[PDB]
Amino acid sequence: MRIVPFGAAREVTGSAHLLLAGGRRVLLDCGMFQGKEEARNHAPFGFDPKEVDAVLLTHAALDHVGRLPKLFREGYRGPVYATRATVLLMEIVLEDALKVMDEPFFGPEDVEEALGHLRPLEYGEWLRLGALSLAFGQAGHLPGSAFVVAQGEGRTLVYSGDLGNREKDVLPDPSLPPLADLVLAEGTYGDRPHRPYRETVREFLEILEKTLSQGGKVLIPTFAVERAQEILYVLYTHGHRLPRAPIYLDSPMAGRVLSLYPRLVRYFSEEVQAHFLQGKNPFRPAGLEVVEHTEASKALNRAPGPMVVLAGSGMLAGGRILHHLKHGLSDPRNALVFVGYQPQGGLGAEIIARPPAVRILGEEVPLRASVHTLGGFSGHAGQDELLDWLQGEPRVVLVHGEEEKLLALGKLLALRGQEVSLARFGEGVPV
Ligand SMILES: [Zn+2]
């Protein structure tokens, strides 16, 4: 039993890991590379796709399922396992990815083919390949998200996939992994813990009552997959005290994902499920409105507050959010609320630098609106949570994370008495 990193080595995108055991080949995830690494979705995998026996998907995000259609486009015809939640989500993530992409490295025939091989595998359901035993464990990072437990040849391996931030309320807490000979894990935030969730929410609510009470606009850059709906859920459970104002989810994509949420009730936390039982959708605060097209999206830039706006991209690469920022950053009464850390060098960071102006969409924009960064809405387990999850685990190979962040985690694990390594691309590791 060996596991071979084929993505997310000293980096956060590309997640794909080949497990060689029981005389079988099981591919754990198959995401694409993003941002600067995008061109690498064109390069080859590094293994023979036609030789793969089965595929397991930890969650529906593009950096975990994105290259799947390339796997089929290049031969593979085996089954692809994933929870029903990921199965349903995947279709929206993929269909959207096909429509949005400069140089697509796969076509509609591939997505179609890729989706046709999906087979439901729920938490605690065992898959039998050769003499290898596989099961999904609750990861709490996305509806239907999981980590992989693989046993065979008298040994146990655990592929964490992405672990969630247990302090939040939407998803159920990540399960502890069983004791394993080897643990391949992420370390997105191996360098630091997140600000507590409760105090992050209270701050969010103050910023909201403040700017809305003065007829101002609250601009919120958000990820369409699961960050948008979480903000909506916070707006819902606190709608009674917030000043009345429309909430524009300015994202067709976030809209599609949101419509799907009622079909996934079982994949949420107890708290969320209890709300649904009372017969009410807690992901739709009063006043929500899903803006479908450009014309209405731009009308908002010219319309007066009070209002709350959710738009992407979540890191300001592109999206409708830029347009909102362009016309709203100049008014001191508005407020920009980041609900996720902005990458260094990106426009976000540049904004947080709080200079006199910022270049957005070809023009220079005065920056008067207030700025707040609530890193506490993070979807990944922070360093402290990463440590508790990894406790008592003998050997650990880190993936998914910048080198520095991964190292900061390895140090602590090493001082704790655990054998740690930083996965290298192509270089398999023995379970
Ligand atoms: Zn990931």
Side-chain angles (χ1 to χ4, degrees), residues 15-17 19 21-22 24 26-31 52-65 68 71 78-94 114-152 156-166 168-180 183-186 225-226 229 257 259-277 283 379 381 389:
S15 269
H17 303 292
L19 171 67
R24 309 272 176 159
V26 184
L27 213 230
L28 272 40
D29 282 321
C30 188
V52 183
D53 285 307
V55 181
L56 265 70
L57 258 32
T58 56
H59 68 263
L62 220 49
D63 76 291
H64 273 245
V65 314
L68 191 61
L71 188 73
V80 183
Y81 300 79
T83 61
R84 305 225 167 51
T86 305
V87 174
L88 299 170
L89 273 166
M90 245 192 292
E91 191 182 350
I92 299 165
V93 175
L94 255 19
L115 297 174
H117 290 78
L118 296 170
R119 291 188 187 167
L121 186 55
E122 302 303 315
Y123 304 107
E125 303 201 317
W126 290 97
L127 170 53
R128 284 276 205 70
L129 305 185
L132 188 45
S133 291
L134 287 70
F136 280 149
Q138 181 57 266
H141 166 80
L142 233 57
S145 82
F147 55 76
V148 175
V149 171
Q151 185 281 306
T156 287
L157 157 83
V158 168
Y159 164 40
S160 73
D162 293 351
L163 292 306
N165 179 174
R166 73 187 280 280
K168 310 204 291 194
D169 309 333
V170 179
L171 274 9
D173 292 336
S175 163
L176 290 173
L179 194 63
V183 178
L184 185 73
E186 62 135 315
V225 167
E226 191 262 356
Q229 304 68 38
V257 171
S259 303
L260 185 64
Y261 270 26
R263 287 165 92 325
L264 280 14
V265 50
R266 77 172 86 146
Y267 291 104
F268 293 105
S269 55
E270 293 306 335
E271 175 180 303
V272 171
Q273 294 191 62
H275 273 155
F276 270 103
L277 188 54
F283 291 112
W389 199 76

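Positions are given from 1, in the same order as the sequence printed here. Keep in mind that the numbers below use all heavy atoms, side chains included, and drop hydrogens, waters and symmetry copies.
- How far CG of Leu68 is from CG of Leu57: 6.0 Å, rounded to the nearest 0.5 Å.
- Annotation: the span from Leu184 atom CG to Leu157 atom CG amounts to 7.0 Å, rounded to 0.5 Å.
- Nearest heavy atom pair, residue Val149 against residue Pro178, reads CG2-CD, 3.8 Å.
- Residues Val225 and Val257 come closest through the heavy atom pair O-CG1, 3.2 Å.
- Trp126 places no side-chain N or O within donor-acceptor distance of the main-chain N or O of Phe136, the cut-off being under 3.5 Å.
- For the pair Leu19 and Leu27, the minimum side-chain heavy-atom distance is 4.5 Å or more.
- Ring geometry for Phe283 versus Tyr261: interplanar angle over 60°, hence perpendicular rather than tilted (30 to 60°).
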Does the pair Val170 and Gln229 meet the rule for a side chain to side chain contact (heavy atoms under 4.5 Å, CB included), with working shown? CA-CA 9 Å; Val170 179; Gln229 304 68 38; over 6 Å; no
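- For the residue pair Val158 and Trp389, the shortest heavy atom distance occurs at CG1-CH2, 3.9 Å.
- Counting heavy atoms from C-beta on, the side chains of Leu179 and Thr156 never come closer than 4.5 Å.
- Contact check for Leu71 versus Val80: no side-chain heavy atoms found under the 4.5 Å cut-off.
- The shortest side-chain heavy-atom distance between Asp29 and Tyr159 falls under the 4.5 Å cut-off.
- Under the side-chain hydrogen bond (donor to acceptor under 3.5 Å, both in side chains) criterion, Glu186 pairs with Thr188, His380, sequence neighbours left out.
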Can you check side chain to side chain contact (heavy atoms under 4.5 Å, CB included) on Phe147 and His141, steps first, answer last? CA-CA 10 Å; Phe147 55 76; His141 166 80; over 6 Å; no
With side chain to side chain contact (heavy atoms under 4.5 Å, CB included) as the criterion, how do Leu171 and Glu226 come out once you've worked through the C-alpha distance, each side chain's angles and the decisive distance to 0.1 Å? CA-CA 10 Å; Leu171 274 9; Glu226 191 262 356; 3.7 Å; yes
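- Within the model, atoms CG of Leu142 and CG of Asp162 stand 8.5 Å from one another, a figure rounded to the nearest 0.5 Å.
- Minimum heavy-atom separation, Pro172 to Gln138: CG-NE2, 3.4 Å.
- In this structure, CG in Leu89 is found 14.0 Å from CZ in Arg84, a value given to the nearest 0.5 Å.
- Of all heavy-atom pairs spanning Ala60 and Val65, the tightest one is O-CG2, 3.5 Å.
- The OG atom of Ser15 lies 3.5 Å from the NE2 atom of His64; values are rounded to the nearest 0.5 Å.
- Nearest heavy atoms, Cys30 versus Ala16: CA-CB, 4.0 Å.
- Legend: residues meeting side-chain hydrogen bond (donor to acceptor under 3.5 Å, both in side chains) with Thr83, ordered by chain and number and at least two apart, are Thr86.
- The side-chain hydrogen bond (donor to acceptor under 3.5 Å, both in side chains) analysis of residues 266-275, with sequence neighbours excluded, yields the pairs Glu122-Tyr267, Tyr233-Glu271.
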What verdict does the side chain to side chain contact (heavy atoms under 4.5 Å, CB included) test give for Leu56 and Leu127, after you've listed the backbone C-alpha separation in whole Å, the side-chain angles of each residue and the deciding distance to 0.1 Å? CA-CA 10 Å; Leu56 265 70; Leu127 170 53; 3.8 Å; yes
